[PDB]
Amino acid sequence: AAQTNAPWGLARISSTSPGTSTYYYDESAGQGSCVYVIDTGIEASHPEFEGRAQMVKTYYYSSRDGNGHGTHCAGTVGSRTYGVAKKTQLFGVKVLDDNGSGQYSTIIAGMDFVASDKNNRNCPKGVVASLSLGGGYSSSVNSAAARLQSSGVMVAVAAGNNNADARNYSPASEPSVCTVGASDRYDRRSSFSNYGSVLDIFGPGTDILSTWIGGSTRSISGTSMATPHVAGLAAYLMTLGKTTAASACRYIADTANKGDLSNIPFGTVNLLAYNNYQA
């Protein structure tokens, strides 16, 4: 399948070169997989989600996304126009308030929630969790992410936006999950992207168009935007049967575009997520 005039990041993940604008992908499109977006919520009524998104849990007075961040991230995972995996099921877990903030205890509870809640959902092709959040190092936060991964969920986490070594941030620094840095449309490391040996992969993160609250769209930047590209890619590859939740991060690294990014610090992987789709 081909989506013309796609957001640059979608085109990038199906291309061996920057500078194109068509996204190519197998029409299975993540059908039968599920992606949890652990964030500020999801505006599931947005036409872009086509009935495939739903809120399953909140720790606050509403499950609605009063911020936009979670809706944007969910759109990059699986919206019809802005998403990598256009037929996946999206489940929202609101661990962040409408200012985008959340306590680590709530975030940990949300991760353990997903590890159990997947047993209440139909995801025959596999389960992914996208975590576009983080703060300073916490062994308890890292352990929660490790549990979620161990339970059979492909965990993708943002590296962080500090232009610093991600070893000092959580859950970015957890070795067993997939830690995602950000790149721009010219294959440069995004100016704000964290780096370091704990990164597994880069995805598009600068000037990413996706869904927003109020049935709208906007372009924003962050490792928060790169992470759902990788989460959606994992769901897509799991539906194709090419990998599993436990092996998808390694598979994405194995099949990435290699050595194509600029300003990658010595010791950080030079790997850009790529779907290897041959039309």
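Residue numbering: from 1, along the chain as shown.
Every residue, even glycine, has its Cβ placed from backbone N, Cα and C.
Swiss-Prot lists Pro175, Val177 as binding Ca(2+) 1, and of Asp112, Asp117, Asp200, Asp207 the one it places in that same site is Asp200.
Of the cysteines listed (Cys123, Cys178), Swiss-Prot assigns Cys123 as the disulfide partner of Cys34. The record in Swiss-Prot pairs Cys178 in a disulfide bond with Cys249, which is drawn from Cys73, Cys249.
Fewest other C-beta atoms within 10 angstroms, among the recorded positions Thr16, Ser224, are seen around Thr16. Least crowded of the recorded positions (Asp39, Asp200, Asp260), judged by neighbouring Cβ atoms within 10 Å of its own Cβ: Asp260. Closest to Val177 (Ca(2+) 1 binding site) in space, going by CA atoms and restricting to the recorded positions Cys34, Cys123, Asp260, is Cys34. Secondary structure at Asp39 (active site, charge relay system), taken from DSSP and collapsed to helix, strand or coil, is strand. Of all Cβ atoms in the protein chains displayed, 23 besides its own lie within 10 Å of the Cβ of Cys249 (disulfide bond).
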